[PDB]
file protein_32.txt (compact mmCIF, C-alpha atoms and all ligand atoms)
# COMPACT_ATOMS: atom_id res chain seq x y z
CA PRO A 9 -8.85 -10.28 21.70
CA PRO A 10 -7.90 -13.94 22.66
CA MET A 11 -4.13 -14.42 22.75
CA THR A 12 -2.73 -17.43 20.99
CA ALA A 13 -1.52 -19.97 23.60
CA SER A 14 2.16 -19.22 22.90
CA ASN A 15 1.29 -15.49 23.42
CA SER A 18 3.75 -13.44 29.44
CA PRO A 19 1.82 -10.17 30.33
CA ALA A 20 -0.90 -8.08 28.54
CA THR A 21 0.27 -4.88 30.21
CA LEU A 22 3.30 -3.69 32.05
CA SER A 23 3.20 -0.88 34.61
CA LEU A 24 6.38 0.78 35.84
CA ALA A 25 7.63 3.90 37.49
CA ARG A 26 7.85 6.74 34.99
CA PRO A 27 11.19 6.12 33.20
CA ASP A 28 13.96 8.52 32.00
CA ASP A 29 16.10 8.77 28.81
CA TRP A 30 19.79 8.99 29.80
CA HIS A 31 21.01 9.78 26.25
CA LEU A 32 18.99 12.03 23.96
CA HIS A 33 19.40 14.37 21.00
CA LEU A 34 16.68 17.05 21.01
CA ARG A 35 18.28 19.24 18.30
CA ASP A 36 17.06 22.87 18.10
CA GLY A 37 14.48 25.20 16.50
CA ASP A 38 11.73 23.57 14.50
CA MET A 39 13.12 20.04 14.96
CA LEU A 40 13.25 20.52 18.73
CA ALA A 41 9.61 21.69 18.65
CA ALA A 42 8.57 18.54 16.82
CA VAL A 43 10.50 15.83 18.70
CA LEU A 44 10.42 17.12 22.28
CA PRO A 45 6.77 16.18 22.77
CA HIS A 46 7.60 12.63 21.68
CA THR A 47 10.18 12.31 24.48
CA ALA A 48 8.14 14.22 27.04
CA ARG A 49 5.17 11.80 26.71
CA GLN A 50 7.38 8.86 27.62
CA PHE A 51 10.06 10.16 29.94
CA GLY A 52 10.20 12.45 33.00
CA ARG A 53 13.83 13.49 32.51
CA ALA A 54 16.45 13.16 29.82
CA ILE A 55 20.16 13.75 29.41
CA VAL A 56 20.15 16.29 26.61
CA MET A 57 23.30 15.92 24.50
CA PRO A 58 25.30 19.04 23.54
CA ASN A 59 26.17 18.44 19.87
CA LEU A 60 24.36 21.46 18.41
CA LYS A 61 26.02 23.40 15.61
CA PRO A 62 27.92 25.19 17.12
CA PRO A 63 28.18 22.91 20.19
CA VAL A 64 27.06 23.71 23.73
CA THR A 65 30.53 24.15 25.36
CA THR A 66 29.62 26.58 28.14
CA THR A 67 27.27 26.69 31.09
CA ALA A 68 25.64 29.88 29.78
CA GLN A 69 25.03 28.18 26.43
CA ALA A 70 23.44 25.26 28.27
CA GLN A 71 21.28 27.68 30.23
CA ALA A 72 20.00 29.26 27.02
CA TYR A 73 19.42 25.89 25.38
CA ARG A 74 17.46 24.75 28.54
CA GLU A 75 15.20 27.79 28.18
CA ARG A 76 14.54 27.01 24.50
CA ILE A 77 13.59 23.44 25.44
CA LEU A 78 11.25 24.58 28.22
CA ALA A 79 9.70 27.09 25.75
CA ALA A 80 8.93 24.20 23.38
CA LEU A 81 7.38 21.93 26.04
CA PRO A 82 3.64 21.74 25.40
CA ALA A 83 1.63 23.04 28.41
CA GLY A 84 0.15 19.74 29.80
CA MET A 85 3.45 17.85 29.84
CA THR A 86 6.04 17.52 32.58
CA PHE A 87 9.68 17.02 31.55
CA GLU A 88 12.98 18.19 32.90
CA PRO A 89 15.96 18.52 30.58
CA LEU A 90 19.22 17.52 32.24
CA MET A 91 21.83 19.52 30.39
CA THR A 92 25.33 18.61 29.25
CA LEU A 93 28.49 20.32 27.97
CA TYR A 94 30.51 19.27 24.91
CA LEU A 95 34.05 18.67 26.18
CA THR A 96 36.78 20.38 24.16
CA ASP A 97 40.57 20.67 24.39
CA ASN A 98 40.02 24.22 25.79
CA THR A 99 37.27 23.56 28.29
CA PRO A 100 38.65 25.01 31.54
CA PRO A 101 38.17 23.73 35.12
CA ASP A 102 36.24 26.90 35.82
CA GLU A 103 33.47 25.73 33.45
CA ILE A 104 33.21 22.46 35.40
CA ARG A 105 32.66 24.26 38.67
CA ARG A 106 30.09 26.69 37.26
CA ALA A 107 28.31 23.76 35.56
CA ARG A 108 28.13 21.82 38.83
CA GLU A 109 26.92 24.87 40.67
CA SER A 110 24.29 25.79 38.09
CA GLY A 111 22.08 22.93 39.17
CA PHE A 112 21.06 22.02 35.60
CA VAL A 113 24.22 20.51 34.07
CA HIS A 114 24.44 16.79 34.83
CA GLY A 115 27.32 15.60 32.64
CA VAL A 116 30.11 16.48 30.26
CA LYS A 117 30.24 14.55 26.98
CA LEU A 118 33.40 13.33 25.27
CA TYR A 119 33.09 12.75 21.52
CA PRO A 120 35.83 11.35 19.26
CA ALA A 121 37.44 14.05 17.12
CA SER A 127 40.02 22.98 19.86
CA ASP A 128 37.06 25.24 20.69
CA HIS A 129 34.59 22.64 19.23
CA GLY A 130 36.09 19.21 20.33
CA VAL A 131 38.83 17.00 21.93
CA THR A 132 41.89 16.29 19.75
CA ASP A 133 43.85 14.67 22.60
CA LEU A 134 42.30 13.74 25.92
CA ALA A 135 45.68 14.46 27.51
CA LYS A 136 44.85 18.16 26.79
CA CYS A 137 41.98 17.92 29.33
CA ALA A 138 43.83 16.70 32.44
CA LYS A 139 43.11 19.67 34.77
CA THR A 140 39.49 19.69 33.65
CA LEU A 141 39.13 15.93 34.25
CA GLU A 142 40.65 16.56 37.68
CA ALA A 143 37.95 19.14 38.37
CA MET A 144 35.26 16.71 37.21
CA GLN A 145 36.62 14.09 39.59
CA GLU A 146 36.76 16.68 42.42
CA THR A 147 33.23 17.93 41.81
CA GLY A 148 31.42 14.60 40.96
CA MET A 149 30.56 15.73 37.38
CA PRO A 150 30.32 12.51 35.30
CA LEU A 151 32.10 12.09 31.99
CA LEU A 152 29.77 10.63 29.32
CA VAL A 153 31.87 8.85 26.70
CA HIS A 154 31.21 8.02 23.05
CA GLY A 155 33.77 5.26 23.18
CA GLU A 156 35.18 4.85 19.66
CA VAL A 157 38.60 5.58 18.20
CA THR A 158 38.59 7.44 14.86
CA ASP A 159 41.79 5.80 13.61
CA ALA A 160 41.20 5.06 9.87
CA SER A 161 43.39 1.95 9.99
CA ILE A 162 40.96 0.32 12.43
CA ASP A 163 37.97 -1.46 11.01
CA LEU A 164 34.75 0.38 11.93
CA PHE A 165 33.38 -2.63 13.77
CA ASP A 166 36.48 -2.84 15.97
CA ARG A 167 36.60 0.86 17.00
CA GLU A 168 34.63 0.38 20.28
CA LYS A 169 36.79 -2.55 21.43
CA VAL A 170 39.95 -0.60 20.59
CA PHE A 171 38.75 2.45 22.55
CA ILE A 172 38.39 0.22 25.71
CA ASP A 173 42.10 -0.61 25.54
CA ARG A 174 43.46 2.65 24.22
CA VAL A 175 41.40 5.26 26.08
CA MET A 176 38.92 3.86 28.61
CA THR A 177 41.38 1.80 30.60
CA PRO A 178 44.02 4.64 30.98
CA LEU A 179 41.30 7.16 31.70
CA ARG A 180 39.86 5.16 34.64
CA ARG A 181 43.38 4.39 35.87
CA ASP A 182 44.47 8.06 35.75
CA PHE A 183 41.18 9.35 37.24
CA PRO A 184 39.99 6.57 39.56
CA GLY A 185 37.37 8.75 41.30
CA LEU A 186 35.82 10.10 38.07
CA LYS A 187 32.27 8.91 37.34
CA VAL A 188 32.07 7.55 33.79
CA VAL A 189 29.14 6.53 31.61
CA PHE A 190 30.09 4.27 28.62
CA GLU A 191 27.37 5.55 26.26
CA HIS A 192 25.36 3.37 23.89
CA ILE A 193 27.49 0.25 24.23
CA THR A 194 27.17 -2.07 21.25
CA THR A 195 29.51 -5.00 21.81
CA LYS A 196 30.11 -7.96 24.10
CA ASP A 197 33.50 -6.37 24.71
CA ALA A 198 31.95 -3.24 26.23
CA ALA A 199 29.15 -5.07 28.12
CA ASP A 200 31.68 -7.43 29.69
CA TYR A 201 34.03 -4.50 30.40
CA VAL A 202 31.32 -2.63 32.32
CA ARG A 203 29.77 -5.74 33.93
CA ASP A 204 33.10 -6.97 35.34
CA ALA A 205 34.97 -3.72 36.02
CA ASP A 206 36.44 -3.15 39.47
CA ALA A 207 34.57 0.08 40.31
CA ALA A 208 33.21 1.63 43.48
CA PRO A 209 29.44 2.18 43.61
CA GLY A 210 28.26 4.86 41.22
CA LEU A 211 31.60 5.23 39.41
CA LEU A 212 30.78 3.33 36.18
CA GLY A 213 27.59 3.11 34.15
CA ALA A 214 26.54 2.42 30.55
CA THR A 215 23.54 3.20 28.41
CA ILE A 216 21.92 0.83 25.88
CA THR A 217 19.67 1.95 22.94
CA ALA A 218 16.52 0.17 21.79
CA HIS A 219 17.85 -0.29 18.22
CA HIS A 220 21.06 -2.07 19.32
CA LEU A 221 18.81 -4.53 21.27
CA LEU A 222 16.47 -5.20 18.41
CA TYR A 223 18.74 -5.28 15.31
CA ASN A 224 22.05 -6.58 14.11
CA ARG A 225 24.09 -5.19 11.26
CA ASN A 226 22.22 -7.28 8.65
CA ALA A 227 19.43 -4.70 9.10
CA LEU A 228 21.60 -2.15 7.27
CA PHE A 229 21.57 -4.28 4.16
CA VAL A 230 18.18 -6.15 4.07
CA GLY A 231 16.99 -5.96 0.51
CA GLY A 232 19.05 -2.83 -0.11
CA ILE A 233 21.07 -0.31 1.94
CA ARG A 234 18.93 1.24 4.75
CA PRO A 235 20.15 4.65 5.87
CA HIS A 236 17.38 5.08 8.49
CA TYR A 237 19.02 2.11 10.36
CA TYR A 238 22.46 3.81 10.24
CA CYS A 239 23.79 5.34 13.46
CA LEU A 240 27.05 5.55 15.45
CA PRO A 241 28.14 3.33 16.90
CA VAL A 242 27.09 1.10 14.03
CA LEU A 243 24.94 -2.02 14.53
CA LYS A 244 27.17 -5.04 15.21
CA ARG A 245 27.20 -8.81 14.66
CA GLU A 246 24.35 -10.88 16.06
CA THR A 247 26.69 -12.27 18.76
CA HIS A 248 27.13 -8.75 20.09
CA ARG A 249 23.40 -7.99 19.99
CA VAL A 250 22.76 -11.16 22.08
CA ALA A 251 25.27 -9.96 24.66
CA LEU A 252 23.62 -6.56 24.89
CA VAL A 253 20.21 -8.11 25.48
CA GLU A 254 21.75 -10.23 28.20
CA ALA A 255 23.21 -7.13 29.83
CA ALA A 256 20.06 -4.97 29.49
CA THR A 257 17.88 -7.72 31.08
CA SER A 258 20.40 -8.73 33.77
CA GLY A 259 19.35 -6.53 36.66
CA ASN A 260 22.94 -5.31 36.98
CA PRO A 261 22.74 -1.67 38.25
CA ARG A 262 25.42 -0.45 35.83
CA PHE A 263 23.19 -0.63 32.72
CA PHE A 264 20.37 1.79 32.03
CA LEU A 265 18.22 3.22 29.29
CA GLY A 266 19.50 5.74 26.75
CA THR A 267 17.77 5.96 23.41
CA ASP A 268 20.35 7.91 21.50
CA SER A 269 17.28 9.07 19.52
CA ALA A 270 19.00 11.25 16.88
CA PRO A 271 16.66 12.72 14.29
CA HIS A 272 17.60 13.97 10.84
CA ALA A 273 15.43 15.30 8.04
CA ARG A 274 14.61 12.53 5.52
CA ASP A 275 16.51 14.44 2.84
CA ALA A 276 19.66 14.37 5.00
CA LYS A 277 19.31 10.56 5.35
CA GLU A 278 18.47 9.67 1.69
CA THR A 279 21.52 11.25 -0.01
CA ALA A 280 24.99 10.23 -1.17
CA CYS A 281 26.38 10.69 2.36
CA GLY A 282 23.54 9.96 4.81
CA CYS A 283 23.75 11.34 8.34
CA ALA A 284 24.11 8.94 11.23
CA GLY A 285 21.25 8.60 13.72
CA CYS A 286 18.06 6.63 14.33
CA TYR A 287 14.83 8.41 15.37
CA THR A 288 13.19 6.48 18.17
CA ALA A 289 11.69 9.13 20.52
CA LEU A 290 8.15 8.64 19.08
CA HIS A 291 8.12 4.99 20.15
CA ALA A 292 11.22 4.23 22.30
CA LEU A 293 9.48 2.58 25.27
CA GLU A 294 7.50 0.37 22.89
CA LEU A 295 10.73 -0.75 21.16
CA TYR A 296 12.29 -1.54 24.51
CA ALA A 297 9.14 -3.40 25.54
CA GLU A 298 9.42 -5.55 22.43
CA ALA A 299 13.05 -6.39 23.19
CA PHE A 300 12.44 -7.21 26.85
CA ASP A 301 9.31 -9.27 25.95
CA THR A 302 11.25 -11.29 23.36
CA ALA A 303 13.82 -12.00 26.07
CA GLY A 304 11.17 -13.06 28.58
CA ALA A 305 12.31 -10.33 30.93
CA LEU A 306 9.59 -7.62 31.04
CA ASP A 307 9.99 -7.76 34.84
CA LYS A 308 13.48 -6.24 34.28
CA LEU A 309 12.31 -3.21 32.24
CA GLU A 310 11.63 -1.06 35.32
CA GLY A 311 15.07 -1.34 36.82
CA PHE A 312 16.75 -0.55 33.54
CA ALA A 313 14.35 2.23 32.41
CA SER A 314 13.29 3.83 35.71
CA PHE A 315 15.72 3.13 38.54
CA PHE A 316 19.37 2.59 37.66
CA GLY A 317 20.12 5.75 35.62
CA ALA A 318 18.34 7.90 38.28
CA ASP A 319 20.43 6.23 40.93
CA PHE A 320 23.68 6.81 38.95
CA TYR A 321 22.89 10.48 38.55
CA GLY A 322 21.75 10.91 42.15
CA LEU A 323 18.20 11.81 41.23
CA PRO A 324 15.00 10.44 42.86
CA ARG A 325 13.07 7.55 41.36
CA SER A 326 9.68 8.68 39.98
CA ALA A 327 6.52 8.40 42.10
CA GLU A 328 4.47 8.34 38.88
CA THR A 329 3.34 5.07 37.23
CA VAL A 330 3.02 4.60 33.46
CA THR A 331 1.54 1.70 31.54
CA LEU A 332 2.48 -0.14 28.36
CA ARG A 333 -0.38 -1.97 26.62
CA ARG A 334 0.24 -4.86 24.23
CA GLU A 335 -2.01 -3.37 21.50
CA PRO A 336 -0.89 -3.26 17.84
CA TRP A 337 -0.37 0.05 16.01
CA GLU A 338 0.86 1.22 12.70
CA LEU A 339 3.68 3.64 13.04
CA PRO A 340 3.50 6.69 10.80
CA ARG A 341 5.99 6.67 7.95
CA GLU A 342 6.82 10.32 8.61
CA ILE A 343 6.54 12.85 11.42
CA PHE A 344 6.86 16.51 10.53
CA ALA A 345 9.17 19.25 11.77
CA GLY A 346 7.14 22.11 10.29
CA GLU A 347 7.12 21.11 6.59
CA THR A 348 10.17 18.79 6.98
CA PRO A 349 9.61 15.11 7.32
CA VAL A 350 11.51 12.79 9.65
CA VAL A 351 11.20 9.06 9.20
CA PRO A 352 10.84 7.15 12.51
CA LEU A 353 12.84 3.96 12.75
CA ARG A 354 10.42 1.33 11.39
CA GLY A 355 8.05 4.04 10.15
CA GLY A 356 5.17 2.40 8.29
CA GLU A 357 5.38 -0.83 10.23
CA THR A 358 2.98 -2.18 12.76
CA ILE A 359 4.47 -2.69 16.22
CA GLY A 360 3.09 -4.63 19.15
CA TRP A 361 3.08 -2.19 22.14
CA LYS A 362 1.65 1.28 22.84
CA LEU A 363 2.26 3.55 25.79
CA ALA A 364 -1.14 4.35 27.33
CA CA A 401 33.65 -9.51 9.47
CA CA A 402 27.37 -13.11 13.97
ZN ZN A 403 27.37 8.83 20.64
ZN ZN A 404 24.37 10.38 20.93
call {"tool": "encode", "arguments": {"input": "protein_32.txt", "output": "structure tokens", "more": "lines below"}}
Ligand SMILES: [Ca+2]
Ligand SMILES: [Ca+2]
Ligand SMILES: [Zn+2]
Ligand SMILES: [Zn+2]
result
Amino acid sequence: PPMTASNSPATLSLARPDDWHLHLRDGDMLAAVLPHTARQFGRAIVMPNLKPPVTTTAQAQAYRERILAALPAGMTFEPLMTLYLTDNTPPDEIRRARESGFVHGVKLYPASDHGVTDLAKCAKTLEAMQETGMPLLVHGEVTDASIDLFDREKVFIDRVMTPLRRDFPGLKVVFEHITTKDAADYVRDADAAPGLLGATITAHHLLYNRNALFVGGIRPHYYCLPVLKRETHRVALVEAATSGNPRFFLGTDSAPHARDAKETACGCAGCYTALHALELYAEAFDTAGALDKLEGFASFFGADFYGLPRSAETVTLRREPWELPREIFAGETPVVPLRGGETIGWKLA
């Protein structure tokens, strides 16, 4: 089909990429969304926020088996497990996680057996992480109700991230799903030894700004944490994601909820992008004139951070149009993909 004159590349080939921040959920939902990830990505960091959370290495082991049981037979995918940090997580769990071979990070969520009320409670365990090389993956927002929602990431940098890296200068840290110029600049310019600081960037925070939440009506399927920010912030994230700087790498934060949990009086946070993540990223990188940067960001830098080999497999994105389904089903339960119903411009071959 002849391109218009203004219409860079018809395909893009790259080493098989990985998803360094993923929610696979459990049971029927897991069965439905895992194949979407496994088509696109060789490995993913599987987040631990089940109900109840995955706080122990044995829990992670059992969750890993459930994921492998749901992996359709032709597909190759390795789940890289995580623990949910809590006030009561002991150093002993850190050591058994490191030794298990299948736990690749410990996640810190804002708020004692189910989460962290004060990070000062976790000192000995952070020490063990530093000793063992277990990275801390951080959802970097304060919860302080006197702080405007849009400021909570910037405030976390000053209140928590800076003291953390000062107090544990050998601890490997990933600033998850950064959304602001503040965070991008923080990571980009930080004095850090190689491999000590990384950050993940979602497809949705590259493509949208907060106006998307309110176009023509309130749009719960576009609602996630951290929330979409001002356009100025989105521009900064695109600049970071297309920079070639080895500290930034791909994490979808694909976070599915049933449609009926999104379209209610108190809609759950999370965008579902595992069906079409690579295609969304391809759109963003294409718009930026930087498709030649997608490989580094998607395929190399997160593997490098986590000490895992770069893939010997090649995959190919084709600039062909396709109409996204409005709904994908978890048994009888529908999940709306971000942009479901719309026609996007790339398809993974
Ligand atoms: Ca404002
Ligand atoms: Ca703006
Ligand atoms: Zn998060
Ligand atoms: Zn997440």
call {"tool": "closest_residue", "arguments": {"input": "protein_32.txt", "among": "A:223, A:287, A:321, A:300", "to": "ligand CA 402 (chain A)", "atoms": "all atoms listed in the file"}}
result
A:223
call {"tool": "residues_near_point", "arguments": {"input": "protein_32.txt", "point": "(13.4, -2.5, 38.5)", "cutoff": "12 Å", "atoms": "only C-alpha atoms", "output": "PyMOL selection string"}}
result
chain A and resi 23-27+256-261+263-265+305-319+325-326
call {"tool": "atom_distance", "arguments": {"input": "protein_32.txt", "atom1": "CA of residue 104 in chain A", "atom2": "CA of residue 33 in chain A"}}
result
21.5 Å
call {"tool": "closest_residue", "arguments": {"input": "protein_32.txt", "among": "A:128, A:204, A:268, A:246", "to": "residue 225 in chain A", "atoms": "all atoms listed in the file"}}
result
A:246
call {"tool": "closest_atom_pairs", "arguments": {"input": "protein_32.txt", "of": "chain A", "to": "ligand CA 402 (chain A)", "cutoff": "12 Å", "atoms": "only C-alpha atoms and all ligand atoms", "output": "Markdown table"}}
result
| residue | atom | partner | partner_atom | distance |
| --- | --- | --- | --- | --- |
| A:195 | CA | A:CA402 | CA | 11.5 |
| A:196 | CA | A:CA402 | CA | 11.7 |
| A:223 | CA | A:CA402 | CA | 11.7 |
| A:224 | CA | A:CA402 | CA | 8.4 |
| A:225 | CA | A:CA402 | CA | 9.0 |
| A:226 | CA | A:CA402 | CA | 9.4 |
| A:243 | CA | A:CA402 | CA | 11.4 |
| A:244 | CA | A:CA402 | CA | 8.2 |
| A:245 | CA | A:CA402 | CA | 4.4 |
| A:246 | CA | A:CA402 | CA | 4.3 |
| A:247 | CA | A:CA402 | CA | 4.9 |
| A:248 | CA | A:CA402 | CA | 7.5 |
| A:249 | CA | A:CA402 | CA | 8.8 |
| A:250 | CA | A:CA402 | CA | 9.5 |
| A:251 | CA | A:CA402 | CA | 11.3 |
call {"tool": "write_last_selection", "arguments": {"input": "protein_32.txt", "atoms": "C-alpha atoms", "output": "PDB file, keeping the file's coordinate frame"}}
result
ATOM      1  CA  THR A 195      29.510  -5.000  21.810  1.00  0.00           C
ATOM      2  CA  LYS A 196      30.110  -7.960  24.100  1.00  0.00           C
ATOM      3  CA  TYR A 223      18.740  -5.280  15.310  1.00  0.00           C
ATOM      4  CA  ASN A 224      22.050  -6.580  14.110  1.00  0.00           C
ATOM      5  CA  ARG A 225      24.090  -5.190  11.260  1.00  0.00           C
ATOM      6  CA  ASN A 226      22.220  -7.280   8.650  1.00  0.00           C
ATOM      7  CA  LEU A 243      24.940  -2.020  14.530  1.00  0.00           C
ATOM      8  CA  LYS A 244      27.170  -5.040  15.210  1.00  0.00           C
ATOM      9  CA  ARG A 245      27.200  -8.810  14.660  1.00  0.00           C
ATOM     10  CA  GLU A 246      24.350 -10.880  16.060  1.00  0.00           C
ATOM     11  CA  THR A 247      26.690 -12.270  18.760  1.00  0.00           C
ATOM     12  CA  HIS A 248      27.130  -8.750  20.090  1.00  0.00           C
ATOM     13  CA  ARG A 249      23.400  -7.990  19.990  1.00  0.00           C
ATOM     14  CA  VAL A 250      22.760 -11.160  22.080  1.00  0.00           C
ATOM     15  CA  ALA A 251      25.270  -9.960  24.660  1.00  0.00           C
TER      16      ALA A 251
END
call {"tool": "closest_atom_pairs", "arguments": {"input": "protein_32.txt", "of": "range 186-222 of chain A", "to": "range 160-182 of chain A", "cutoff": "8 Å", "atoms": "all atoms listed in the file", "output": "CSV"}}
result
residue,atom,partner,partner_atom,distance
A:186,CA,A:180,CA,7.2
A:194,CA,A:168,CA,7.9
A:195,CA,A:168,CA,7.6
A:197,CA,A:169,CA,6.0
A:198,CA,A:169,CA,6.9
A:201,CA,A:172,CA,8.0
call {"tool": "residues_near_ligand", "arguments": {"input": "protein_32.txt", "ligand": "ligand ZN 404 (chain A)", "cutoff": "9 Å", "atoms": "only C-alpha atoms and all ligand atoms", "output": "ChimeraX atom specification"}}
result
/A:31-33,57,59,154,191-192,240-241,266-270,285
call {"tool": "closest_residue", "arguments": {"input": "protein_32.txt", "among": "A:295, A:303, A:55, A:34", "to": "residue 255 in chain A", "atoms": "all atoms listed in the file"}}
result
A:303
call {"tool": "closest_residue", "arguments": {"input": "protein_32.txt", "among": "A:324, A:101, A:120, A:9", "to": "ligand ZN 403 (chain A)", "atoms": "all atoms listed in the file"}}
result
A:120
call {"tool": "closest_atom_pairs", "arguments": {"input": "protein_32.txt", "of": "range 23-66 of chain A", "to": "range 340-363 of chain A", "cutoff": "12 Å", "atoms": "all atoms listed in the file", "output": "CSV"}}
result
residue,atom,partner,partner_atom,distance
A:23,CA,A:363,CA,9.9
A:24,CA,A:363,CA,11.2
A:26,CA,A:363,CA,11.2
A:27,CA,A:363,CA,11.9
A:35,CA,A:345,CA,11.2
A:36,CA,A:345,CA,10.7
A:37,CA,A:345,CA,9.3
A:38,CA,A:345,CA,5.7
A:39,CA,A:345,CA,5.1
A:40,CA,A:345,CA,8.2
A:41,CA,A:345,CA,7.3
A:42,CA,A:345,CA,5.1
A:43,CA,A:345,CA,7.8
A:44,CA,A:345,CA,10.8
A:45,CA,A:345,CA,11.7
A:46,CA,A:343,CA,10.3
A:47,CA,A:363,CA,11.9
A:49,CA,A:363,CA,8.8
A:50,CA,A:363,CA,7.6
A:51,CA,A:363,CA,11.0
call {"tool": "closest_residue", "arguments": {"input": "protein_32.txt", "among": "A:82, A:235, A:89, A:58", "to": "residue 152 in chain A", "atoms": "all atoms listed in the file"}}
result
A:58
call {"tool": "axis_aligned_box", "arguments": {"input": "protein_32.txt", "around": "range 342-358 of chain A", "padding_each_side": "5 Å", "output": "lines of an AutoDock Vina configuration file"}}
result
center_x = 7.9
center_y = 10.0
center_z = 9.7
size_x = 19.9
size_y = 34.3
size_z = 16.2
call {"tool": "closest_residue", "arguments": {"input": "protein_32.txt", "among": "A:11, A:281, A:286, A:21", "to": "residue 301 in chain A", "atoms": "all atoms listed in the file"}}
result
A:21
call {"tool": "atom_distance", "arguments": {"input": "protein_32.txt", "atom1": "CA of residue 277 in chain A", "atom2": "CA of residue 228 in chain A"}}
result
13.1 Å
call {"tool": "atom_distance", "arguments": {"input": "protein_32.txt", "atom1": "CA of residue 185 in chain A", "atom2": "CA of residue 203 in chain A"}}
result
17.9 Å
call {"tool": "residues_near_point", "arguments": {"input": "protein_32.txt", "point": "(23.5, 30.9, 33.7)", "cutoff": "12 Å", "atoms": "only C-alpha atoms", "output": "PyMOL selection string"}}
result
chain A and resi 66-75+91+103+106-113
call {"tool": "build_atoms", "arguments": {"input": "protein_32.txt", "residues": "range 350-361 of chain A", "atoms": "N, CA and C atoms", "output": "PDB file, keeping the file's coordinate frame"}}
result
ATOM      1  N   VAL A 350      10.546  13.688   9.013  1.00  0.00           N
ATOM      2  CA  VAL A 350      11.510  12.790   9.650  1.00  0.00           C
ATOM      3  C   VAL A 350      10.897  11.420   9.630  1.00  0.00           C
ATOM      4  N   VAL A 351      11.662  10.429   9.199  1.00  0.00           N
ATOM      5  CA  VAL A 351      11.200   9.060   9.200  1.00  0.00           C
ATOM      6  C   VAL A 351      11.543   8.372  10.532  1.00  0.00           C
ATOM      7  N   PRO A 352      10.540   7.922  11.298  1.00  0.00           N
ATOM      8  CA  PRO A 352      10.840   7.150  12.510  1.00  0.00           C
ATOM      9  C   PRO A 352      11.458   5.826  12.121  1.00  0.00           C
ATOM     10  N   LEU A 353      12.363   5.319  12.959  1.00  0.00           N
ATOM     11  CA  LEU A 353      12.840   3.960  12.750  1.00  0.00           C
ATOM     12  C   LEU A 353      11.615   3.043  12.684  1.00  0.00           C
ATOM     13  N   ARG A 354      11.561   2.211  11.650  1.00  0.00           N
ATOM     14  CA  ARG A 354      10.420   1.330  11.390  1.00  0.00           C
ATOM     15  C   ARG A 354       9.137   2.021  10.950  1.00  0.00           C
ATOM     16  N   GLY A 355       9.233   3.276  10.559  1.00  0.00           N
ATOM     17  CA  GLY A 355       8.050   4.040  10.150  1.00  0.00           C
ATOM     18  C   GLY A 355       7.309   3.252   9.083  1.00  0.00           C
ATOM     19  N   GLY A 356       6.005   3.192   9.217  1.00  0.00           N
ATOM     20  CA  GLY A 356       5.170   2.400   8.290  1.00  0.00           C
ATOM     21  C   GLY A 356       4.807   1.023   8.780  1.00  0.00           C
ATOM     22  N   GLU A 357       5.577   0.497   9.733  1.00  0.00           N
ATOM     23  CA  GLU A 357       5.380  -0.830  10.230  1.00  0.00           C
ATOM     24  C   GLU A 357       4.449  -0.804  11.382  1.00  0.00           C
ATOM     25  N   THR A 358       3.940  -1.994  11.692  1.00  0.00           N
ATOM     26  CA  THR A 358       2.980  -2.180  12.760  1.00  0.00           C
ATOM     27  C   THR A 358       3.721  -2.833  13.903  1.00  0.00           C
ATOM     28  N   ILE A 359       3.876  -2.117  15.012  1.00  0.00           N
ATOM     29  CA  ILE A 359       4.470  -2.690  16.220  1.00  0.00           C
ATOM     30  C   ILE A 359       3.454  -3.101  17.288  1.00  0.00           C
ATOM     31  N   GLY A 360       3.942  -3.854  18.272  1.00  0.00           N
ATOM     32  CA  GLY A 360       3.090  -4.630  19.150  1.00  0.00           C
ATOM     33  C   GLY A 360       2.778  -4.059  20.535  1.00  0.00           C
ATOM     34  N   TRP A 361       3.333  -2.879  20.874  1.00  0.00           N
ATOM     35  CA  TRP A 361       3.080  -2.190  22.140  1.00  0.00           C
ATOM     36  C   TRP A 361       2.723  -0.726  21.908  1.00  0.00           C
TER      37      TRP A 361
END
